[PDB]
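Enquirer: Sequence, then the experimental structure. Questions to follow.
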Amino acid sequence: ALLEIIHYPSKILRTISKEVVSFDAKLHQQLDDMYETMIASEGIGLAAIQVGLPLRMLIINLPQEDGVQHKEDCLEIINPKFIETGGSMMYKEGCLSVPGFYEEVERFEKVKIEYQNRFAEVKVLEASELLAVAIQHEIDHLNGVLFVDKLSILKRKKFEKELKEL
Ligand SMILES: O=C(/C=C/c1ccc(O)c(O)c1)NCCc1ccc(O)cc1
Ligand SMILES: [Co+2]
């Protein structure tokens with residue numbers, strides 16, 4: 001089923017999500033509704049609070065060569081934790097909770113994370129480029145952080161302008 005996506009400046013997006021403790025059928029349906037909702041709004045990443053669920057879980061499905069998304073590659077990360085981070089780069093980002101606005105944000109260019117899949121299985125994942133960015137972006141949601149929060153002083157004004165523009 002489709003879920004309503006929460007948009008800035010909703011204070012719900014400032015929520016600190018909680019660890020998932022029960023990996024049951026209820027949790028799996030939520031993840032399924034999140035995937036259906038993400039694809040429907042044509043997103044590549046989605047965190048639980050973006051649909052009102054204060055749980056520390058998020059999904060990521062980057063499009064491949066053909067430029068299309070294949071559910072086969074969808075990542076479901078729960079209770080993520082950074083093991084290591086390195087480098088720095090500027091990446092223009094977007095967000096389903098902040099539709100119509102895109103801006104460069106500084107991110108680690110490489111990250112290694114630890115999490116669990118929907119079956120509570122522990123996983124370790126190293127990532128760079130787009131995948132590393134999506135991971136950092138989505139995890140920020142779990143801590144109530146939006147990418148517009150990380151904008152430089154100048155690009156911050158650009159947001160307020162384009163915001164009053166809509
Ligand atoms: O999926 C999205 C955004 C979707 C979107 C769709 C329609 C719009 O009009 C819009 O403003 C945003 N973001 C996933 C997280 C993410 C952001 C930046 C990036 O480089 C990697 C990952
Ligand atoms: Co987002």
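Expert: All right, it came through fine. Residues are numbered from 1 along each chain as shown. Ligands and ions are numbered 1, 2, ... in the order given.
Enquirer: Can you pull the phi/psi pair for the nearest residue to residue 4 once chain neighbours are set aside?
Expert: Among residues not flanking residue 4 along the chain, residue 51 sits closest, at 6.7 Å (C-beta to C-beta, 6 or more residues apart in numbering). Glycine gets a C-beta too; all of them are placed from N, C-alpha and C. Dihedral angles of residue 51 (phi, psi; degrees, to the nearest 10) stand at phi -120, psi 20.
Enquirer: cool, and residue 88?
Expert: Backbone phi and psi, for residue 88 under degrees, to the nearest 10, turn out to be phi -170, psi 140.
Enquirer: what about it, neighbour count?
Expert: 10 (other C-beta atoms under 10 Å).
Enquirer: which residues touch it?
Expert: 106-109 (C-beta atoms under 8 Å, 6 or more residues apart in numbering).
Enquirer: I'd like the distance from the residue nearest the centre of the chain to residue 164, if you could.
Expert: Ranked by distance to the mean C-alpha position of the chain (C-alpha atoms, centre = their mean), the top residue is residue 138 at 2.3 Å. The gap separating residue 138 from residue 164 is 28 Å, by C-beta to C-beta, to the nearest Å.
Enquirer: Residue 78 now?
Expert: 38 Å.
Enquirer: The two - which one has more neighbours?
Expert: residue 78 (23 against 7).
Enquirer: secondary structure class for residue 12?
Expert: helix (DSSP: H, G, I helix; E, B strand; the rest coil).
Enquirer: and the closest residue in space to it that isn't next to it in sequence, how many neighbours does it have?
Expert: Of all residues not flanking residue 12 in the chain, residue 6 sits nearest, at 5.2 Å (C-beta to C-beta, 6+ apart). Residues lying near residue 6 (other C-beta under 10 Å) number 16.
Enquirer: can you tell me which residues contact residue 6?
Expert: 12-13, 49-52, 97.
Enquirer: what does residue 141 give?
Expert: Here residue 141 is in contact with 13, 17, 47-50, 58, 97 (C-beta under 8 Å, 6+ apart).
Enquirer: related to what we said a few turns ago, out of the contacts of residue 88, the closest to ligand 1 would be?
Expert: Nearest to ligand 1 among these is residue 107, at 8.5 Å by C-beta to the nearest ligand atom.
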